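>>> here is the sequence, then the experimental structure:
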Amino acid sequence: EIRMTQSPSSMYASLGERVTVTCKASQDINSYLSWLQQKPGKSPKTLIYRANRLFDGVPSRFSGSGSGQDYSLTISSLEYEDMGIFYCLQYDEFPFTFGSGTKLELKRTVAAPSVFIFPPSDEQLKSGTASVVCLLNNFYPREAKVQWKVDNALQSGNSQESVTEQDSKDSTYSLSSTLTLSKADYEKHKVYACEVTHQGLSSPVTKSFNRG
Amino acid sequence: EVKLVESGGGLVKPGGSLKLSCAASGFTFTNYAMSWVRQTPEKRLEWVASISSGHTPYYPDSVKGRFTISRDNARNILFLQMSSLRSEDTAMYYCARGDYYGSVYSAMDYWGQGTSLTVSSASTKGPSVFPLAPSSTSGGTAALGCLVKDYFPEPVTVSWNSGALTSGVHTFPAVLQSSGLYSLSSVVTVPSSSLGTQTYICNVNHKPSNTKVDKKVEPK
Ligand SMILES: [Cl-]
């Protein structure tokens, strides 16, 4: 019933920066509002409750302000452990409602991808399918274009991609692109190339192999 | 140390029923209000149920008639009995403790690790694990991995060399294939000089199907 809207949806920041995130409610909440942090693949963890109060053990850099409908969370000096998604929660009236979240990622310098290509295994081909995998390792920013080229014929509709969350040590991303073809179509062609374009590279990088 | 530990998830056919459990520790369970919250595949959080210090339950309309929250203050256990399950209930389910004042009208202080629920008509299918073989230039790095293909439901866990190898490992998120089955890749970057002498094995586990696989990745 009560709507919780957050701003920005996502944002990059540098360590030591002062970050402020917003939460807006559709009704007067009387400061019954908590801020939680959830890191990728982990459980939520409460930072602020009652809008202004630090929870047990929460660093002093975290502060909460607001009243009525408009509330805010502020990190005085950003730290590596502060990355993740931040949610707001109203517990003033049932049903308790959560904001959509604000993803907070770490700014860093451009980083070039290491590109690798993997031909399909003999085990798989016996099953009738052929998966060709292109790997981009440790790059920044997230944006990257991966084009498949079978015998210099650009591919479309037959590939999927997956991207990791920001690395803990280098804050880079890694990407996996899989081209799946039937074994019949796979045996019909020779050159399997993966062309990568990314801001850390001066010119696109193409990794390829010949089925023979 | 507050510890909330959930158990009891898994795969359920539509219209079925299942019970979730949350083992509380590190606090006088009886005085604290408790709640169930779930996280959808889109990663949105939805309040599912709450129970006061006086065993009074509270629900949203979406689950009102089907889910029942209960608690056994003797063993320090929170329950979520779900019935008439719908495909829209697929989500990660968390238990959460409330403030020390005992009211359900408080923040969610501590959260459990979460237990996963998938509501599907389909049967569990274990993955096919294929090697992503590395080819090398002296002084360069080589990439190897495992392709974990065609499994349902999530999740699949992957370790390398039974956990001995963690450095440089990237296990990507699962993608839904046009077939309706899931597929993930797990890769590890290693020094080229070590490829002919070091053995690399990915240990793939798919608990929904009780499927363990150990594929040894060799150069080509
Ligand atoms: Cl279904």
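Looks like it came in fine. Residues are numbered from 1 along each chain as shown, chains lettered A, B, ... in the order given.

>>> drop to CA atoms for contacts and neighbour counts, all remaining ones
Noted.

>>> now stretch A:201-212: how far from the chain's centre is it?
How far stretch A:201-212 lies from its chain's middle: 26 Å, per C-alpha atoms, centre = their mean, to the nearest Å.

>>> what are the buried residues along it?
For stretch A:201-212, the neighbour count (16 or more other C-alpha atoms under 10 Å in any protein chain shown) marks A:206, A:207, A:208 as buried.

>>> now the first one: how far from the ion?
It refers to residue A:206. As for residue A:206, its distance to the ion is 41 Å (criterion: C-alpha to the ion, to the nearest Å).

>>> kindly report the same for the last one.
In this structure, residue A:208 and the ion are separated by 39 Å, where distance is defined by C-alpha to the ion.

>>> for the second one, same thing?
Distance, residue A:207 to the ion, using C-alpha to the ion: 40 Å.

>>> before we move on, what about residue B:64?
22 Å.

>>> same check on residue A:57?
As for residue A:57, its distance to the ion is 44 Å (criterion: C-alpha to the ion).

>>> can you count the residues close to that residue?
By other C-alpha atoms under 10 Å in any protein chain shown, the residues close to residue A:57 number 7.

>>> what about it, which SS state?
Here residue A:57 is coil, with the state taken from DSSP: H, G, I helix; E, B strand; the rest coil.

>>> quick check: phi and psi at the residue of chain B most remote from its centre.
Largest separation from the mean C-alpha position in chain B: residue B:138, at 40.6 Å (C-alpha atoms, centre = their mean). Main-chain dihedrals, residue B:138, degrees, to the nearest 10: phi -70, psi 130.

>>> so what's the one residue sitting closest to the centre of chain B closest to, chain neighbours aside?
Closest to where the C-alpha atoms of chain B average out (C-alpha atoms, centre = their mean) is residue B:116, at 4.9 Å. Residue nearest to residue B:116 in three dimensions, not counting chain neighbours: residue B:92, with 4.4 Å by C-alpha to C-alpha, 6 or more residues apart in numbering or on different chains.

>>> go ahead and confirm the one you found touches residue B:119.
No: look at residue B:92 against residue B:119 with C-alpha atoms under 8 Å: they stay out of range, at 11.6 Å.

>>> follow-up on the earlier one: surely the residue farthest from the centre of chain B and residue B:194 touch.
No: between residue B:138 and residue B:194 there is no contact under C-alpha under 8 Å: 10.2 Å.

>>> OK, contacts around the residue farthest from the centre of chain B?
B:192, B:193 (C-alpha atoms under 8 Å, 6 or more residues apart in numbering or on different chains).

>>> do the same with residue B:52
Residue B:52 neighbours (C-alpha under 8 Å, 6+ apart): B:32, B:33, B:34, B:102, B:103, B:104.

>>> which non-adjacent residue is nearest the fifth one?
On the basis of C-alpha to C-alpha, 6+ apart, the spatially nearest residue to residue B:103 that is not a chain neighbour turns out to be residue B:33, at 5.8 Å.

>>> got the phi and psi for that neighbour?
phi -70, psi 150.

>>> domain parsing for the chain?
Reading this off chain A. Domain ranges of chain A: A:4-106, A:114-210, per automatic domain parsing.

>>> wait, I meant chain B there
B:3-119, B:128-217.

>>> which one of the ones you listed lies closest to residue A:135?
In terms of C-alpha to C-alpha, the element of those nearest to residue A:135 is domain B:128-217, at 8.4 Å.

>>> gap between the two ends of that closest one?
Across domain B:128-217, the terminal residues are separated by 14 Å (C-alpha to C-alpha, to the nearest Å).

>>> can you confirm whether it lies near the ion?
No: figure legend: domain B:128-217 not in contact with the ion (C-alpha under 5 Å from the ion); closest approach 10.7 Å.

>>> quickly list what the residue nearest to residue A:159 when sequence neighbours are not counted is bridged to.
Nearest non-adjacent residue to residue A:159, counting by C-alpha to C-alpha, 6+ apart: residue A:179, 4.4 Å away. Using DSSP bridges, the beta-bridge partners of residue A:179 come out as residue A:132, residue A:159.

>>> surely residue A:179 meets residue A:135?
No: Residue A:179 is beyond contact range of residue A:135, at 11.6 Å (criterion: C-alpha under 8 Å).

>>> these two: which is more packed in?
Taking neighbours as other C-alpha under 10 Å, residue A:179 and residue A:135 compare with residue A:135 leading, 26 against 21.

>>> so what's that one up against?
With C-alpha under 8 Å, 6+ apart, residue A:135 has these contacts: A:114, A:115, A:116, A:117, A:174, A:175, A:176, A:177.

>>> what's the separation between residue A:44 and residue B:123?
Distance of residue A:44 to residue B:123, given as C-alpha to C-alpha: 31 Å.

>>> likewise residue A:103?
For residue A:103, the distance to residue B:123 - C-alpha to C-alpha - is 35 Å.

>>> look at these two and report which has more neighbours.
Between residue A:103 and residue B:123, counted using other C-alpha under 10 Å, the more crowded position is residue A:103 (19 against 13).

>>> report how many residues lie close to residue 184.
Using chain A. Neighbours of residue A:184 (other C-alpha under 10 Å): 12.

>>> ah, I was thinking of chain B
25.

>>> looks like it contacts residue B:170 (just checking).
No: counting by C-alpha under 8 Å, no contact exists between residue B:184 and residue B:170, whose distance comes to 10.6 Å.

>>> show the contacting residues for the residue with the largest distance to the centre of chain A.
Largest separation from the mean C-alpha position in chain A: residue A:212, at 37.3 Å (C-alpha atoms, centre = their mean). Contact partners of residue A:212, counting by C-alpha under 8 Å, 6+ apart, are residue A:190.

>>> just the CA coordinates for stretch B:174-183, please, in CSV.
What follows is stretch B:174-183 as a C-alpha-only set of coordinates in CSV (Å, rounded to 0.1, in the frame of the first residue of the first chain):
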residue,chain,number,x,y,z
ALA,B,174,23.3,-18.9,-14.2
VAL,B,175,21.6,-17.9,-17.5
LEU,B,176,18.1,-19.2,-18.5
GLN,B,177,18.5,-20.9,-21.9
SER,B,178,15.8,-21.0,-24.6
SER,B,179,15.3,-24.6,-23.5
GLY,B,180,14.1,-23.4,-20.1
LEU,B,181,17.1,-25.0,-18.4
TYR,B,182,20.0,-23.2,-16.7
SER,B,183,23.6,-23.0,-17.6
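
>>> report the buried residues of it.
Buried-residue list, stretch B:174-183, by 16+ other C-alpha under 10 Å: B:174, B:175, B:181, B:182, B:183.
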